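Presented below is the structure to which this report refers.
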Amino acid sequence: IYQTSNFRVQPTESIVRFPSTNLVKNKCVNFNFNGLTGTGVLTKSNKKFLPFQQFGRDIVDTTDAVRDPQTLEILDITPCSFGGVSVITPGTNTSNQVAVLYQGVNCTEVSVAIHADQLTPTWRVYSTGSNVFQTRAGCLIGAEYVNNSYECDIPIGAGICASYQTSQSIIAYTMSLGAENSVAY
Amino acid sequence: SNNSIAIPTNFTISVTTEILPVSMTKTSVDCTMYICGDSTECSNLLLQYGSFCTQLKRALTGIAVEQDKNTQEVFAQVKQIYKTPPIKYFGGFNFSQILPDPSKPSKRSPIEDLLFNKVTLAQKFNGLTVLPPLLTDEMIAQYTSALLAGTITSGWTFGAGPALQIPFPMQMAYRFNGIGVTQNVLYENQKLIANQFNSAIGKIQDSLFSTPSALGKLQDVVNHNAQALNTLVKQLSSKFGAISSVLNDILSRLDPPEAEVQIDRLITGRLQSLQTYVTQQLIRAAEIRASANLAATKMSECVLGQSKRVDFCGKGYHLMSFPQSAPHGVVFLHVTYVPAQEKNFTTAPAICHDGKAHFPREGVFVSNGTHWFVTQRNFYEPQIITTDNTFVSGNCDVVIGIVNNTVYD
Amino acid sequence: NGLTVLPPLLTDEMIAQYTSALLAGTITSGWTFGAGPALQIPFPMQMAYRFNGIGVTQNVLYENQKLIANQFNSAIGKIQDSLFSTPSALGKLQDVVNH
Amino acid sequence: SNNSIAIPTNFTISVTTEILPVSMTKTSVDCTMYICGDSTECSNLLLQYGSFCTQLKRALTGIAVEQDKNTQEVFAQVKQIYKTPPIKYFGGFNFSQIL
Amino acid sequence: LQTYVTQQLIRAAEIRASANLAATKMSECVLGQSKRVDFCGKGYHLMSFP
Ligand SMILES: *[C@@H]1O[C@H](CO)[C@@H](O[C@@H]2O[C@H](CO)[C@@H](O)[C@H](O)[C@H]2NC(C)=O)[C@H](O)[C@H]1NC(C)=O
Ligand SMILES: *[C@@H]1O[C@H](CO)[C@@H](O[C@@H]2O[C@H](CO)[C@@H](O)[C@H](O)[C@H]2NC(C)=O)[C@H](O)[C@H]1NC(C)=O
Ligand SMILES: *[C@@H]1O[C@H](CO)[C@@H](O[C@@H]2O[C@H](CO)[C@@H](O)[C@H](O)[C@H]2NC(C)=O)[C@H](O)[C@H]1NC(C)=O
Ligand SMILES: *[C@@H]1O[C@H](CO)[C@@H](O[C@@H]2O[C@H](CO)[C@@H](O)[C@H](O)[C@H]2NC(C)=O)[C@H](O)[C@H]1NC(C)=O
Ligand SMILES: *[C@@H]1O[C@H](CO)[C@@H](O)[C@H](O)[C@H]1NC(C)=O
Ligand SMILES: *[C@@H]1O[C@H](CO)[C@@H](O)[C@H](O)[C@H]1NC(C)=O
Ligand SMILES: *[C@@H]1O[C@H](CO)[C@@H](O)[C@H](O)[C@H]1NC(C)=O
Ligand SMILES: *[C@@H]1O[C@H](CO)[C@@H](O)[C@H](O)[C@H]1NC(C)=O
Ligand SMILES: *[C@@H]1O[C@H](CO)[C@@H](O)[C@H](O)[C@H]1NC(C)=O
Ligand SMILES: *[C@@H]1O[C@H](CO)[C@@H](O)[C@H](O)[C@H]1NC(C)=O
Ligand SMILES: *[C@@H]1O[C@H](CO)[C@@H](O)[C@H](O)[C@H]1NC(C)=O
């Protein structure tokens with residue numbers, strides 16, 4: 001397994017809310033709240049702001065909340081998804097088909113970015129195929145999840161391995177610790 | 001004194017603990033996202049430094065691989081996944097606090113639950129990610145349970161080949177035979193000893209959660225990793241001698257030829273920060289690897305067999321050990337043997353009989369004031385002197401300190 | 001220029017006291033003071049036990065006690081010379097002071 | 001040969017020495033004095049370089065703390081300060097050079 | 001300053017390894033009799049003094 005590059009989810013449009021378009025939620029979108037620049041996902045929050053406070057601040061230095069200039073609303077700010085990209089492959093002496101693992105993302109967001117907007121992922125022509133399985137380590141594309149147990153061949157994530165089955169294909173499963181046994185005390 | 005000796009008349013069973021870190025957090029860094037972000041000019045300027053980042057990526061990848069290798073080496077010692085019989089009777093020994101609990105979905109022993117609920121903790125930065133470990137918590141708990149089941153129902157036989165069954169009291173007698181105490185001591189004190197053992201185990205619980213500084217070693221790793229990550233994140237808001245800490249203001253506040261130097265200063269500062277972080281991580285990884293090697297050795301020697309090294313598997317004469325899983329580490333429960341209730345005695349090196357010196361086979365000559373007896377070293381149990389338990393091998397006019405008495409044939 | 005040296009927590013006399021305690025314990029008790037309470041035993045008897053621990057019977061010591069001790073004494077004397085004559089023996093501790 | 005053996009008929013007592021480093025020097029450094037000295041302009045320029053010096057001080061303090069733990073682990077092996085008897089007769093053995 | 005600190009850290013790690021070895025030797029060769037070959041001297045071990 002090798003790590004090659006990184007992927008980013010591009011913004012769709014821009015939002016201006018001077019107290020001048022509408023506002024969009026649950027989308028990686030640019031925004032500008034009276035000089036407050038930056039882009040990200042805006043979702044409603046439950047942080048009871050002070051009557052004279054409008055900004056937000058995380059533990060160290062980054063904004064994580066903002067108040068709507070028009071109506072009294074509290075909503076969060078989240079950076080758009082990013083992460084590394086890994087390629088799973090056997091030797092070229094064996095086959096030429098591969099598998100891709102998007103690290104630390106939910107499969108639904110990747111699927112929407114790929115097959116709905118067709119322009120958000122950084123590597124578009126690079127991105128092909130449709131076989132989706134979701135793991136705790138990220139979204140795995142190009143491998144069929146069997147429900148058997150084998151000795152680990154190519155480690156992937158939290159107890160998930162992959163191998164070249166046998167027609168010939170690439171499978172993903174849960175590794176087997178060992179043979180079951182019980183001595184009769 | 002040079003004709004006096006002390007011999008214990010009672011013993012004690014004591015249980016201690018030991019905590020060792022095993023692994024640490026795995027992280028990966030993206031240079032362009034961290035240093036530049038979404039600026040083309042910054043990337044073009046950074047391209048002039050060559051290959052300062054492939055080295056960092058390789059070092060971080062090596063650390064990440066070594067972290068998984070450490071846990072694989074420490075815990076994956078056996079291949080068969082042994083199981084314990086449904087009927088939990090072992091001649092009075094109660095293993096409830098260490099065997100897995102069926103009721104809990106986590107399938108963990110109560111002590112493991114205490115450790116997990118005690119340690120606790122301390123997501124997306126600017127180009128900084130954390131990778132999950134290869135082995136989950138349930139798999140580690142399964143390995144620990146398999147080791148416990150192997151060491152309860154088989155003794156040390158499963159560490160050198162096929163597992164061979166044996167009743168538990170006979171295994172304990174074998175283990176007493178390994179420290180210089182005869183078998184009959186256990187069989188005549190089987191009911192008492194077990195009780196002592198049970199009591200010790202209970203105290204262990206009250207000695208873990210009540211004291212807050214017991215599990216400090218495992219908390220230090222998490223605290224240090226979080227501190228390093230927070231420092232690296234917070235370093236991004238420093239001017240480093242330039243006019244601003246934001247690339248956008250520098251770009252859209254001055255002509256490009258002047259902005260080149262301002263961007264270059266920030267590039268140099270952030271490169272220095274990354275290098276410092278990577279070097280510190282490398283040193284800490286080396287230390288953690290040394291600790292993991294020590295933990296693996298202790299697992300191999302104290303758990304899979306009986307050790308004769310002094311103070312290696314606990315204070316006192318070693319008997320056995322039990323492993324428990326902890327976040328980023330392991331915990332050992334050493335069971336030892338301690339003498340008590342000594343007593344004055346008078347001893348002689350040899351016994352003269354018909355002009356012949358007599359030496360004991362396995363024991364020490366001891367006198368209570370009137371009669372002479374031969375007894376084993378580590379437990380007071382006098383015996384009548386006989387030619388069965390002595391060898392002559394000498395004469396009466398050589399040894400210094402000989403005492404002449406009678407030896408019935 | 002702001003570069004200070006801190007003193008160690010334990011002075012040399014305390015370390016000497018620890019060493020003296022260890023020596024007294026290993027002379028007057030043997031290995032019994034490291035696993036519990038200390039128990040008395042005459043020195044020739046524990047020497048016989050230590051010979052028995054390497055596959056040699058007891059009577060070898062008791063019939064050579066005068067000779068063996070002599071040898072031991074002589075060896076100790078030579079320790080006073082080899083360290084004193086050769087000055088490169090303590091090169092391990094000097095480097096720490098030097099570097 | 002397949003029917004020949006050799007067995008010693010006498011022995012020898014030998015004493016060797018071994019030297020091991022344990023600890024080293026504990027130091028501490030002040031950034032402002034070393035880098036700048038007593039000029040306010042240099043300090044005002046230095047405070048723009050982030051928190052390098054906090055990390056340096058923390059590392060030095062960690063080393064200094066570890067240096068004492070090394071000695072405590074090595075030497076504090078016992079709980080009682082055992083004392084040797086006034087009369088030093090141990091069957092002919094002479095410990096005057098080490099007591 | 002950074003170079004000095006890094007070199008000091010490396011030397012501290014080496015000294016810690018040496019101290020651990022010394023502690024093990026104190027535990028095994030002084031408080032008991034060892035059977036490990038060539039660990040507490042060349043020959044069959046009898047005793048040691050610090
Ligand atoms: C060795 O020590 C044990 C532990 O104290 C002694 O066992 C106790 O004996 C008394 C006397 O009958 C009982 O009242 C206690 O209940 C016992 N303790 C336990 C935990 O059961 C034992 O008697 C001692 N051995 C000798 C020979 O005195
Ligand atoms: C073994 O120890 C367990 C405790 O871990 C005993 O189970 C009972 O546990 C409850 C609460 O956990 C206590 O209030 C009881 O006092 C425990 N019972 C006894 C007899 O002490 C269990 O009974 C013990 N014995 C066996 C054979 O499992
Ligand atoms: C075993 O070796 C010892 C050491 O050499 C022998 O003792 C020496 O014997 C010679 C010859 O009689 C004397 O000149 C020396 O003075 C002795 N040395 C000491 C320290 O007393 C001993 O004789 C040897 N054993 C046998 C059986 O020959
Ligand atoms: C133990 O060894 C020491 C060291 O040799 C002996 O002290 C010597 O004794 C002789 C005779 O009295 C003197 O001539 C030396 O000057 C002493 N040496 C030193 C360094 O003081 C000591 O006598 C020996 N113990 C016994 C009991 O004989
Ligand atoms: C992905 O998003 C869906 C949306 O409902 C959610 O149900 C699912 O739990 C998410 N997966 C992860 C791993 O968070
Ligand atoms: C695999 O696991 C069991 C096997 O019988 C089955 O219940 C489950 O639905 C299977 N999952 C698949 C085929 O995706
Ligand atoms: C040891 O034995 C000798 C015999 O020569 C005697 O003088 C001495 O008092 C004894 N030791 C003690 C402590 O009594
Ligand atoms: C053994 O003898 C010593 C010497 O007087 C004495 O102090 C000690 O109390 C005695 N031990 C017992 C158990 O009486
Ligand atoms: C000493 O042992 C003898 C064994 O024959 C016994 O008769 C005697 O009573 C014992 N002495 C004491 C004080 O118990
Ligand atoms: C037996 O021991 C006594 C006391 O030491 C001694 O007087 C006697 O001579 C010894 N017996 C023989 C035959 O030497
Ligand atoms: C082994 O023994 C045989 C006869 O017992 C003898 O001929 C042969 O030489 C011996 N081997 C060696 C290597 O001496």
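Starting from 1 in every chain, residues are counted up; chains themselves are A, B, ... following the order of the structure tokens, and ligands are numbered from 1 as listed.
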Near-residue C:30 list (8 Å; only C-alpha atoms; drop same-chain fewer than 4 positions) as JSON, numbers by chain: {"C": [25, 26, 41, 46], "E": [31, 32]}
Neighbours of residue A:98 within 9 Å (only C-alpha atoms; same-chain residues fewer than 4 positions away dropped), as a PDB file with C-alpha atoms, in the first residue's frame?
```pdb
ATOM      1  CA  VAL A  87      -3.427   3.081  -3.551  1.00  0.00           C
ATOM      2  CA  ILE A  88      -3.694  -0.660  -2.856  1.00  0.00           C
ATOM      3  CA  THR A  89      -2.104  -2.973  -5.405  1.00  0.00           C
ATOM      4  CA  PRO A  90      -0.460  -6.368  -5.858  1.00  0.00           C
ATOM      5  CA  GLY A 142     -12.668  -0.848  -5.755  1.00  0.00           C
ATOM      6  CA  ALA A 143     -12.769  -3.767  -3.299  1.00  0.00           C
ATOM      7  CA  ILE A 170      -9.410  -7.709  -4.773  1.00  0.00           C
TER       8      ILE A 170
END
```
Residue list for chain D near chain C as a PyMOL selection string, 10 Å, only C-alpha atoms: chain D and resi 11-35+37+64-65+67-69+71-72+75-85+89-99
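Nearest residue to chain C among E:20, E:15, E:6, E:38 is E:15, counting only C-alpha atoms.
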Spatial neighbours of residue C:59, max dist 9 Å, only C-alpha atoms, sep filter under 3 positions, as a ChimeraX atom specification: /B:359,393-394,399 /C:48,56,62-64
Output for the residues just chosen: N, CA and C atoms as a PDB file, in the first residue's frame:
```pdb
ATOM      1  N   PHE B 359      27.784 -34.637  56.120  1.00  0.00           N
ATOM      2  CA  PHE B 359      27.245 -33.416  55.551  1.00  0.00           C
ATOM      3  C   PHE B 359      25.822 -33.655  55.061  1.00  0.00           C
ATOM      4  N   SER B 393      31.843 -38.640  52.945  1.00  0.00           N
ATOM      5  CA  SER B 393      32.820 -37.942  52.103  1.00  0.00           C
ATOM      6  C   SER B 393      33.802 -37.087  52.912  1.00  0.00           C
ATOM      7  N   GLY B 394      34.549 -37.738  53.795  1.00  0.00           N
ATOM      8  CA  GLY B 394      35.607 -37.028  54.493  1.00  0.00           C
ATOM      9  C   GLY B 394      35.955 -37.692  55.815  1.00  0.00           C
ATOM     10  N   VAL B 399      37.413 -30.496  59.038  1.00  0.00           N
ATOM     11  CA  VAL B 399      36.436 -29.414  59.089  1.00  0.00           C
ATOM     12  C   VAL B 399      36.610 -28.614  60.373  1.00  0.00           C
TER      13      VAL B 399
ATOM     14  N   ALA C  48      29.750 -22.055  51.103  1.00  0.00           N
ATOM     15  CA  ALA C  48      29.477 -23.435  50.714  1.00  0.00           C
ATOM     16  C   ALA C  48      28.224 -23.519  49.857  1.00  0.00           C
ATOM     17  N   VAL C  56      29.340 -27.862  42.542  1.00  0.00           N
ATOM     18  CA  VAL C  56      30.451 -28.364  43.342  1.00  0.00           C
ATOM     19  C   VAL C  56      29.924 -28.693  44.730  1.00  0.00           C
ATOM     20  N   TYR C  62      34.855 -26.906  52.765  1.00  0.00           N
ATOM     21  CA  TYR C  62      35.182 -27.117  54.171  1.00  0.00           C
ATOM     22  C   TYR C  62      36.559 -27.732  54.362  1.00  0.00           C
ATOM     23  N   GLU C  63      37.078 -28.433  53.357  1.00  0.00           N
ATOM     24  CA  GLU C  63      38.400 -29.036  53.427  1.00  0.00           C
ATOM     25  C   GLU C  63      39.464 -28.188  52.742  1.00  0.00           C
ATOM     26  N   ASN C  64      39.118 -26.968  52.320  1.00  0.00           N
ATOM     27  CA  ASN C  64      40.098 -26.046  51.757  1.00  0.00           C
ATOM     28  C   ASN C  64      39.881 -24.622  52.256  1.00  0.00           C
TER      29      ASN C  64
END
```
Residue nearest ligand 9 - candidates B:382, B:20, B:375, B:369, atoms counted: only C-alpha atoms and all ligand atoms: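 For ligand 9, the nearest of the given residues is B:369.
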